[PDB]
Amino acid sequence: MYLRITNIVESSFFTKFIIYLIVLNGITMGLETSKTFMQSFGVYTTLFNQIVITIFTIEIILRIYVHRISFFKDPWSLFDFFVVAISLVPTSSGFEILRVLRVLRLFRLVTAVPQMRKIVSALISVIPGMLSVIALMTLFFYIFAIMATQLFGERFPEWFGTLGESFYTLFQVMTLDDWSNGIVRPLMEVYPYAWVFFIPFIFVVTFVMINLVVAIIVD
Amino acid sequence: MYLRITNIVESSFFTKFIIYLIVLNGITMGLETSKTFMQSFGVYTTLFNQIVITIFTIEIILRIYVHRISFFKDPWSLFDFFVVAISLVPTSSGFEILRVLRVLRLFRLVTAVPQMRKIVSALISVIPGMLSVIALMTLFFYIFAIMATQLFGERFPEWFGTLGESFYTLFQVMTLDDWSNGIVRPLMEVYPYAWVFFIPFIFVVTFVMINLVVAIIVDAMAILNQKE
Amino acid sequence: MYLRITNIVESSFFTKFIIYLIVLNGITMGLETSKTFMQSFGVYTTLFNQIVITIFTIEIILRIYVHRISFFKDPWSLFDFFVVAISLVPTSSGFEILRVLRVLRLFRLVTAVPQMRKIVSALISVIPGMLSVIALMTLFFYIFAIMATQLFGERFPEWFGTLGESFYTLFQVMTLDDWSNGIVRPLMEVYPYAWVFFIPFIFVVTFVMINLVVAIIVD
Amino acid sequence: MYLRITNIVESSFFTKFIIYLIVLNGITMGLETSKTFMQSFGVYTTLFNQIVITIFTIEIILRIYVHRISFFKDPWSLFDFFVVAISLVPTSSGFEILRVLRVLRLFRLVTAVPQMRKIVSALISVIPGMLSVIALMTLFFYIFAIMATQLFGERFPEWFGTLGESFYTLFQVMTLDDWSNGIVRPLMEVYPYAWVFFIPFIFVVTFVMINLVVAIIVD
Ligand SMILES: COc1ccc([C@@H]2Sc3ccccc3N(CCN(C)C)C(=O)[C@H]2OC(C)=O)cc1
Ligand SMILES: [Ca+2]
Ligand SMILES: [Ca+2]
């Protein structure tokens, strides 16, 4: 019976099945939004999700006594194991933040299609060489986030009242969200010189992300 | 009669005549925008529309009698057809939008003028060299558009009321438009943990698009070498 | 005498001398922008300006003697010409910009100095490569501008009232400057489908801009 | 006795003793941030820092002997001398921004750890190749930065008062921060053709900003 179930799971049709059904829940989760549909077609939907989730649980189980060691030595499987388990945690308890986390099974659709796997890995390909740069960036912030909190955060706390408030803002500025009228002009009107912070900060921090796509296109 | 009309079509005149009308109608359309004009020199242009449309409607039939089966298997032709024909839509009734789609006719400057046709072909070449990632986004976007509506849109109705409003808002944040003060800071006053739906939804967005583009440079770069 | 006026001009002294006048008139006008400086030194500095032109005026007469027709067959020189053709014009009457166009002079730091010439004409040299596209956009821009203008200029005339409005507003959206909340959500208050003009327009324009750079990068 | 102090300073323990101190006093200054942490355990914060500055002024006097002439001709040390010197000023009088610089030391985690040094110099490196077109633009940003002050400074004072106020603004227009509604849309009410002034400017400053980026990609 070991090899009967091995053919079962690894078949074209078990794939087409699970992929058809990832697609389906992914239209019903669409329609769940509709707060009218939830009156008209409400109940079909709520247990459709339980119907589909068990299938996935067994699809996960069927996969596991086949591969064994092999299964959890795959990132995409593990994430599927991770994702559908996230949904096995009950609707009650914990936080709602578990109810809405659930909808990460649509990433399952991604892992299910090998074309997505091909391209998604190209995207994760690129990351590590940037860990060099990436994790300096993550300190320039820390250093410069602190300077702000003490400098401003008395008078302008929403923005820099805090280690973490300074971060959220310095990010804000990094992306040049609405930093000009929104964030320095109002400061200078109290602390006239804080342009010696940000114009510098804006310089370092666009520079780096520029010499990021340069040295991204060498790999 | 075929090779007689097959001569009216291909002539250096007929293209220089059809094209030079496009320009001559652009100007014309650049003046249907003051009210001043439609007052004084109004019906003047009202029917100059009606002229340059007949000139095309016929022309498409001429090429259809030349190329025929060849005509509906070229993109640039199929466009001129569609775009002329959509102008054939009637002035009265219909929909007020179809009355405004007209100045798409000014796209035949692309289609007739040769150098503009070439760039378009260049520019449309990159498309499927990305079309996986184009999808990967709308899936990702989708999984993130629900997630928004069932979190925020209860309180914050305009921004995240529906699938629709969530997507559009989630686009806004992509261009990095007003996003922090304008959309998220507000979310933080009721929901201090929204910088977890967003500072990430950011990097992911701007990791991809950067790779979407280093692709464009790469696929376009990839074609250059390796021929030795 | 022709071959003295050739020698006076060609000297490595002459250039240094010209570049000295510019880089003074450069410093001098920084101080002209000030409010207080023109109280005190508004005597000398209104003098000094009128010399620096008188001299460059001579320089053009001589350099024309030297190269004759080769003068108005050279870009860089014509720029020196028309920039100085401006400053001559008397101080009062007509438009107030001709008295500000004065500062256009300072760009003689570029023409005069080789390696400013080179990197400037290195920039400009891609424009011929870009006609093939600027053409197309100004066709695209002009075309949406018409549609925008009829469709919205009735309820939103400060923004889409004429062509002019529509162009700048469309020029805005292209810089993703406050397009959404600023310009479009207000439009969705009255014309709900504007996300189908404004998004897609927004797509295309950036599309181009990327592929613009992906052939500037081969070129 | 000279080569005994030259055979510890160079070792891999003396080094990891700073890099670890760095990382502790690095962690400590983010705890200062907490207002709760300053009236609970502020004592060990004041001292830990106090000891660190002892260790570091010792370290630096220790590396001066081993290195001497090799020391005061290195970037990373002239950095480290001043970056630490700053924390030794009396802390009374002067300016309170003396006291804030004290966190520029946590930059040393970059100095004293070699991968960061080669990732950091991988950016300073491609800076002498750019200081050309940093000249061309800083020229433009001046020339206009005059006109702006003298086309809109009597009435549009905040944004364009002083020469400076023209700088801080045009940069915001350059960063494309809120420019159109923020800045141009308002000027246009009083002076209508300000788009002619600004809009071109926003071609020049971004074209150059794009090609100067291409000049990075082949070199
Ligand atoms: C954190 O680092 C960042 C921050 C922001 C960006 C945005 S991403 C974006 C999203 C959608 C359309 C375009 C953009 N572009 C490209 C086109 N744009 C230049 C006109 C950007 O450059 C960035 O926007 C700007 C001008 O800051 C990129 C990296
Ligand atoms: Ca803004
Ligand atoms: Ca903006």
# chains A, B, ... in the order shown; residues from 1 in each chain; ligands from 1
>>> residues_around(residues="residue C:78", least_positions_apart="4", cutoff="12 Å", atoms="only C-alpha atoms", output="list in words")
residues 60, 63, 64, 69, 70, 71, 72, 73, 74, 82, 83, 84, 85, 108 and 111 of chain C
>>> residues_around(residues="residue C:154", least_positions_apart="6", cutoff="12 Å", atoms="only C-alpha atoms", output="PDB file with C-alpha atoms, in the first residue's frame")
ATOM      1  CA  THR B  33     -12.069  72.470 -26.121  1.00  0.00           C
ATOM      2  CA  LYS B  35     -16.248  77.090 -25.624  1.00  0.00           C
TER       3      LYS B  35
ATOM      4  CA  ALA C 148      -9.954  64.530 -19.476  1.00  0.00           C
ATOM      5  CA  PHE C 160      -9.526  70.089 -16.068  1.00  0.00           C
ATOM      6  CA  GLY C 161     -11.319  73.191 -17.257  1.00  0.00           C
ATOM      7  CA  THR C 162      -9.371  73.683 -20.483  1.00  0.00           C
ATOM      8  CA  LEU C 187     -13.214  62.830  -8.730  1.00  0.00           C
ATOM      9  CA  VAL C 190     -18.723  62.692  -8.544  1.00  0.00           C
ATOM     10  CA  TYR C 191     -17.533  60.525 -11.426  1.00  0.00           C
TER      11      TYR C 191
END
>>> interface_residues(of="chain A", to="chain D", cutoff="8 Å", atoms="only C-alpha atoms", output="list in words")
residues 132, 133, 136, 140, 143, 146, 147, 149, 150, 151, 162, 163, 176, 177, 178, 179, 180, 181, 208, 210, 211 and 214 of chain A
>>> write_last_selection(atoms="C-alpha atoms", output="CSV table (one decimal), in the first residue's frame")
chain,number,residue,atom,x,y,z
A,132,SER,CA,25.6,43.0,3.0
A,133,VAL,CA,24.0,46.3,2.3
A,136,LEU,CA,23.9,48.2,7.3
A,140,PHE,CA,22.0,53.6,9.9
A,143,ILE,CA,21.8,55.3,15.0
A,146,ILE,CA,17.9,57.5,18.2
A,147,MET,CA,19.3,61.0,17.4
A,149,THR,CA,13.9,60.7,19.4
A,150,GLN,CA,16.0,62.8,21.8
A,151,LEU,CA,16.2,65.7,19.4
A,162,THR,CA,10.0,56.9,20.6
A,163,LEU,CA,12.5,54.5,19.3
A,176,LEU,CA,9.8,60.6,0.5
A,177,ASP,CA,6.1,60.1,1.2
A,178,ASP,CA,5.0,63.6,2.1
A,179,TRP,CA,8.1,64.5,4.0
A,180,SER,CA,8.5,68.1,2.9
A,181,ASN,CA,5.3,69.8,3.9
A,208,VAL,CA,22.2,53.4,-1.1
A,210,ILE,CA,20.5,53.4,-6.1
A,211,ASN,CA,23.8,51.6,-5.7
A,214,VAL,CA,23.4,48.8,-9.8
>>> interface_residues(of="chain B", to="chain C", cutoff="8 Å", atoms="only C-alpha atoms", output="ChimeraX atom specification")
/B:29-30,33-34,100-101,103-104,106,110,115-116,119,123,168,172,175,177-178,182,213,216-217,220
>>> select_by_dssp(residues="stretch 28-198 of chain A", states="alpha helix (DSSP H)", output="PyMOL selection string")
chain A and resi 28-32+37-40+42-67+69-72+75-88+97-101+106-112+114-125+127-151+157-160+163-174+179+185-188+195-198
>>> atom_distance(atom1="atom CA of residue C:95", atom2="atom CA of residue C:166")
27.3 Å
>>> residues_around(residues="residue B:50", least_positions_apart="6", cutoff="12 Å", atoms="only C-alpha atoms", output="ChimeraX atom specification")
/B:25,43-44,56-57,84,87-91,102
>>> atom_distance(atom1="atom CA of residue B:55", atom2="atom CA of residue B:13")
13.9 Å
>>> residues_around(residues="residue B:141", least_positions_apart="4", cutoff="8 Å", atoms="only C-alpha atoms", output="list in words")
residues 137, 145, 167 and 170 of chain B
>>> closest_atom_pairs(of="chain B", to="ligand 1", cutoff="10 Å", atoms="only C-alpha atoms and all ligand atoms", output="Markdown table")
| residue | atom | partner | partner_atom_place_in_ligand_line | distance |
| --- | --- | --- | --- | --- |
| B:171 | CA | ligand 1 | 11 (C) | 8.4 |
| B:172 | CA | ligand 1 | 11 (C) | 8.6 |
| B:173 | CA | ligand 1 | 10 (C) | 8.5 |
| B:174 | CA | ligand 1 | 10 (C) | 5.2 |
| B:175 | CA | ligand 1 | 11 (C) | 3.7 |
| B:176 | CA | ligand 1 | 7 (C) | 6.1 |
| B:177 | CA | ligand 1 | 24 (O) | 8.6 |
| B:199 | CA | ligand 1 | 1 (C) | 10.0 |
| B:202 | CA | ligand 1 | 1 (C) | 8.2 |
| B:203 | CA | ligand 1 | 1 (C) | 7.6 |
| B:205 | CA | ligand 1 | 10 (C) | 8.1 |
| B:206 | CA | ligand 1 | 8 (S) | 5.9 |
| B:207 | CA | ligand 1 | 29 (C) | 8.5 |
| B:209 | CA | ligand 1 | 10 (C) | 7.6 |
| B:210 | CA | ligand 1 | 28 (C) | 7.9 |
| B:213 | CA | ligand 1 | 16 (C) | 9.7 |
>>> residues_around(residues="residue A:54", least_positions_apart="5", cutoff="9 Å", atoms="only C-alpha atoms", output="JSON, numbers by chain")
{"A": [49, 59, 88]}
>>> residues_around(residues="stretch 17-20 of chain B", least_positions_apart="2", cutoff="8 Å", atoms="only C-alpha atoms", output="PyMOL selection string")
chain B and resi 13-15+22-24+56+108-109+112-113
>>> atom_distance(atom1="atom CA of residue A:209", atom2="atom CA of residue C:128")
29.4 Å
>>> residues_around(residues="residue D:201", least_positions_apart="4", cutoff="9 Å", atoms="only C-alpha atoms", output="ChimeraX atom specification")
/D:140,144,174,196-197,205-206
>>> write_last_selection(atoms="C-alpha atoms", output="mmCIF file, in the first residue's frame")
data_model
loop_
_atom_site.group_PDB
_atom_site.id
_atom_site.type_symbol
_atom_site.label_atom_id
_atom_site.label_comp_id
_atom_site.auth_asym_id
_atom_site.auth_seq_id
_atom_site.Cartn_x
_atom_site.Cartn_y
_atom_site.Cartn_z
ATOM 1 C CA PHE D 140 21.596 74.833 -12.026
ATOM 2 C CA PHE D 144 17.477 79.054 -10.639
ATOM 3 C CA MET D 174 13.253 68.009 -6.998
ATOM 4 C CA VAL D 196 7.087 77.434 -17.304
ATOM 5 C CA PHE D 197 9.482 78.293 -14.540
ATOM 6 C CA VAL D 205 16.750 67.869 -12.603
ATOM 7 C CA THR D 206 15.334 64.396 -13.316
#
>>> decode(residues="stretch 121-211 of chain D", atoms="C-alpha atoms", output="CSV table (one decimal), in the first residue's frame")
chain,number,residue,atom,x,y,z
D,121,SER,CA,33.8,51.8,0.6
D,122,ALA,CA,31.9,50.2,-2.2
D,123,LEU,CA,29.8,53.5,-2.1
D,124,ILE,CA,32.3,56.2,-1.3
D,125,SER,CA,34.2,54.7,-4.2
D,126,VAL,CA,31.6,55.5,-6.8
D,127,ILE,CA,31.6,59.2,-5.6
D,128,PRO,CA,34.7,60.7,-7.2
D,129,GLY,CA,33.2,59.5,-10.6
D,130,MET,CA,29.9,61.5,-9.7
D,131,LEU,CA,31.4,64.7,-8.4
D,132,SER,CA,31.5,66.0,-12.0
D,133,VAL,CA,27.7,66.1,-12.5
D,134,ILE,CA,27.3,67.0,-8.8
D,135,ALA,CA,29.0,70.2,-10.1
D,136,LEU,CA,26.7,70.7,-13.2
D,137,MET,CA,23.5,70.4,-11.1
D,138,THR,CA,24.6,72.3,-8.1
D,139,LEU,CA,25.2,75.0,-10.7
D,140,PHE,CA,21.6,74.8,-12.0
D,141,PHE,CA,20.2,74.5,-8.5
D,142,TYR,CA,22.1,77.8,-7.9
D,143,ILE,CA,21.2,79.7,-11.0
D,144,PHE,CA,17.5,79.1,-10.6
D,145,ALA,CA,17.8,79.3,-6.8
D,146,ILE,CA,18.5,82.9,-7.6
D,147,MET,CA,15.6,83.5,-9.9
D,148,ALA,CA,13.1,81.7,-7.6
D,149,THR,CA,14.1,84.1,-4.8
D,150,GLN,CA,13.7,87.0,-7.2
D,151,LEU,CA,10.5,85.9,-9.0
D,152,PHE,CA,8.5,85.0,-5.9
D,153,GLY,CA,10.1,86.2,-2.7
D,154,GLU,CA,8.4,89.5,-1.9
D,155,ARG,CA,5.0,87.7,-1.8
D,156,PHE,CA,5.8,84.0,-1.5
D,157,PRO,CA,8.2,84.5,1.3
D,158,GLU,CA,8.2,81.2,3.4
D,159,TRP,CA,9.0,79.0,0.5
D,160,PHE,CA,11.2,81.5,-1.4
D,161,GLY,CA,12.4,84.2,1.0
D,162,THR,CA,16.2,84.1,1.3
D,163,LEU,CA,18.5,82.4,-1.2
D,164,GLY,CA,18.4,79.5,1.2
D,165,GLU,CA,14.6,79.3,1.4
D,166,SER,CA,14.8,78.9,-2.4
D,167,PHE,CA,17.2,76.0,-1.9
D,168,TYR,CA,15.1,74.1,0.7
D,169,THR,CA,12.2,74.5,-1.6
D,170,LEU,CA,13.5,73.6,-5.1
D,171,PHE,CA,15.0,70.4,-3.5
D,172,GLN,CA,11.4,69.5,-2.4
D,173,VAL,CA,10.2,70.2,-5.9
D,174,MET,CA,13.3,68.0,-7.0
D,175,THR,CA,12.4,65.2,-4.6
D,176,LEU,CA,9.0,65.6,-6.2
D,177,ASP,CA,7.5,66.2,-2.8
D,178,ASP,CA,4.0,67.5,-3.0
D,179,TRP,CA,5.2,70.0,-5.6
D,180,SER,CA,2.1,70.7,-7.6
D,181,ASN,CA,-0.6,71.3,-5.0
D,182,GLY,CA,2.0,71.9,-2.3
D,183,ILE,CA,4.0,74.5,-4.2
D,184,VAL,CA,3.2,75.3,-7.8
D,185,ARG,CA,-0.5,75.3,-7.6
D,186,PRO,CA,-0.4,78.2,-5.1
D,187,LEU,CA,2.0,80.5,-6.9
D,188,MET,CA,0.1,80.2,-10.0
D,189,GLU,CA,-2.9,82.0,-8.4
D,190,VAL,CA,-0.9,85.2,-8.2
D,191,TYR,CA,1.8,84.7,-10.9
D,192,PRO,CA,0.2,82.4,-13.5
D,193,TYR,CA,3.1,81.1,-15.6
D,194,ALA,CA,5.1,79.5,-12.9
D,195,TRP,CA,4.7,76.1,-14.7
D,196,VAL,CA,7.1,77.4,-17.3
D,197,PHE,CA,9.5,78.3,-14.5
D,198,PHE,CA,9.2,75.0,-12.6
D,199,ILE,CA,8.0,72.3,-15.1
D,200,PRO,CA,11.2,72.5,-17.3
D,201,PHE,CA,13.3,72.6,-14.2
D,202,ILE,CA,11.6,69.3,-13.3
D,203,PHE,CA,12.8,67.9,-16.6
D,204,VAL,CA,16.4,69.1,-16.1
D,205,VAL,CA,16.8,67.9,-12.6
D,206,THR,CA,15.3,64.4,-13.3
D,207,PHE,CA,16.8,63.8,-16.8
D,208,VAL,CA,20.3,64.4,-15.3
D,209,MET,CA,19.2,62.4,-12.3
D,210,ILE,CA,18.6,59.5,-14.7
D,211,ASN,CA,21.6,59.6,-16.9
